[PDB]
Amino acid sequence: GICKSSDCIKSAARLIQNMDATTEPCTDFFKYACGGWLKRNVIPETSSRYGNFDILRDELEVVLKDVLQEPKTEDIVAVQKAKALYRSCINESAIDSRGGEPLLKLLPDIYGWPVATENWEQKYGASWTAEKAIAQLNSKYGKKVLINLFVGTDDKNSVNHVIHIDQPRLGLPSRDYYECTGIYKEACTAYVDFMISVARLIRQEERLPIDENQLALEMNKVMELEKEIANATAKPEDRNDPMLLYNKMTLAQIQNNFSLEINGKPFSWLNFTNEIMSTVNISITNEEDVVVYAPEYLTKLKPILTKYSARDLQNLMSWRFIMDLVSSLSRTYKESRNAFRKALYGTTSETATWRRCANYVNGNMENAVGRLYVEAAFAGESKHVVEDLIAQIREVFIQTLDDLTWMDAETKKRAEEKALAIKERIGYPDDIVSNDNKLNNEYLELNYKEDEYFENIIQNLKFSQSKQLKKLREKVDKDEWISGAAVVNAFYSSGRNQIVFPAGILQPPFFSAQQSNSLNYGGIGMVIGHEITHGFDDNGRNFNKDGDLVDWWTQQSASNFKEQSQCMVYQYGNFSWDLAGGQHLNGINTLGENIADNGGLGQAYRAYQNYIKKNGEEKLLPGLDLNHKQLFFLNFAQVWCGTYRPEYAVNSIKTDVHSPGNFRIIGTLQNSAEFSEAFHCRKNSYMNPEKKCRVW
């Protein structure tokens, strides 16, 4: 009474083949579940991580390849551009032809790159300002440096867009690096070595003279600059409550409270806000409201920027644009950048060009690429089994608050309010098959010249930024998606109160109409509750049914949340990670995603038990002496099989907001009664510790 279905027979052979028979589930369930995935496999030289999740992404790229690279005489204008785009992106001979010339075409737009100019001060430095310089970067090229000023959905009013000012992202992976010793020594050496390599070609190309000692010199100053800017930046720990973060202001007080003297100006926020947004000649006066995320970062910069030349700063800011552009040029430039990605990512090669390239248009043209993937790739009724599945997991989420003892029932009950108010997204806008015009229409400012990859790169940039600036005074498009379809993840938004499940996940092992439902709830199921639960993690707990940051928690129900979730803080926090040299995870930077793992799994078990009840138990699959109940957990586990190169683990541990997969599993399993019951685990089995963290 085993099913012998091919689509049964198929799953069996995937499961056993990843599992190692010969470990105790209750001693290390990762090895249980993943032990023979590990044995057989080795990280590829272009990976920093590898594993099932990744291999799914790798298989998205083939299909994108199957579906970008062959002209179709009936393609509509919108398809035709991506493909142009794509074809343009894979023509190396052409990109090499052109050596460096394409930024040289640029430098002068961005007031140049001092360390590769003759007599900089006199070519640009008369003119240079802060506001335009920084503002040009932002506005054309939407690289944000020194002072990050953007437009986003407003956290108090989520029909409404507004302008934010924040600290800058940085050259290295996180502020920790700029310590620049021990396990960041290399990366640091390689980052300025890179500034160097690149400043050097640039000049070569200029037929200028190389003073390697003065390069060593300029480029190391630049480093000292970002170091100081790094130290001024706020930790992720203190950014992680959106009530302390959200401080709303007019350029007015802003101009008053956070003044800045750059070059000896001093700095004019109304200048530089206008010298950006008048890139759709939108109009900005000293009573503009403005959300400031990094009050202190700007308190802190005056003292810094005080001591730097106009030239000091543009070498940094210009070298932070030029960084990224570099892989859009000839081998000789790309080369520049080996040691710096081995130092960061551990890889000894780049990934296949068709790959990087598929991914670029997918990212730049998501809707249009969206379309092609679904036609190739994704089955469509799908959309309908999911929704119900989602139904299911919704209720169970409703089910459960009654049963949670740490809340009071005013709060229990609003929570309900977000509940049914969650809007779901599955697969893709029917839009994007249905409606050629809109499609052609959203790309219509686009035109791509197949011998012009840079030029398109550069278009596409100026696109999206102006696409973004466009937005100050418009209402949030209710209709818009946060994922391309094209993608193997799923999401939750606060603005939107929305859960998103791209066709890209809508596929094995998380879901097929056809495998057993055990693995469906094990899989997409736990994923649906992952997103919903983000609902209420330490971030989205502060957001109401409409996107809006407004406090709907009983005083004491708050203190209780913290009280419960503090437990996870401490659990995952004492996880130490060999691949990262034994370093401890960061249990705060991970609370959200840990919290929502644990919610979602249980959420989903319950959904599956219920399926028990009303549908009755289902035929077993060959090969495996386990029951469905455990298979549930099996699939959950196997989602996250794989491993990590050392360099990127260091990096991950400071820059990811997930836990690594092996602890997404053990932390969460360590916390699952349904678990250690399934697998009949002695008390204080390592997978079965008495203390068990719970919140949702």
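Rigid core: the largest C-alpha set superposing within 1.5 Å between the two forms. Note that residue numbering follows the sequence shown and begins at 1.
Engineer: If you line up the core and then measure how far each C-alpha sits from this form in 5 other deposited structures of this protein, which stretch comes out higher, 122-130 or 446-454?
Structural biologist: The answer is 122-130, which departs more from the shown form in 5 other deposited structures of this protein.
Engineer: Mind pulling up the entry and telling me whether 457-465 or 180-188 has the higher mean Cα temperature factor?
Structural biologist: If you average the C-alpha B-factors of 457-465 and of 180-188, the larger mean comes out for 180-188.
Engineer: Highest mean C-alpha temperature factor of the two stretches 526-534 and 282-290, which is it?
Structural biologist: Averaging CA B-factors over each stretch, the winner is 282-290.
Engineer: According to the Cα B-factor stored in this entry, which of the following is highest: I499, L104, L85, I588?
Structural biologist: Each of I499, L104, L85, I588 was compared by C-alpha B-factor; the highest is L104.
Engineer: Choose from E593, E226, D241, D312 the residue with the greatest Cα B-factor as stated in the PDB record.
Structural biologist: Checking the PDB record, the top C-alpha B-factor among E593, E226, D241, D312 is at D312.
Engineer: Looking at the entry's B-factor column for C-alpha atoms only, identify whether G599 ranks in the lowest, middle or highest third of its chain.
Structural biologist: Lowest third.
Engineer: Lowest, middle or highest third: which one holds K478 when the chain's residues are ordered by CA B-factor from the entry?
Structural biologist: According to the entry, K478 has a C-alpha B-factor in the chain's highest third.
Engineer: Relative to the other modelled residues in the chain, which third contains the C-alpha temperature factor of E261: lowest, middle or highest?
Structural biologist: Highest third.
Engineer: Sorting by Cα B-factor within the chain, modelled residues only, which third would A649 end up in: lowest, middle or highest?
Structural biologist: It falls in the bottom third of the chain.
Engineer: Relative to the other modelled residues of the same chain, rank the CA B-factor of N627 and answer lowest, middle or highest third.
Structural biologist: For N627, whose C-alpha B-factor we compare with every modelled residue in the chain, the answer is the highest third.
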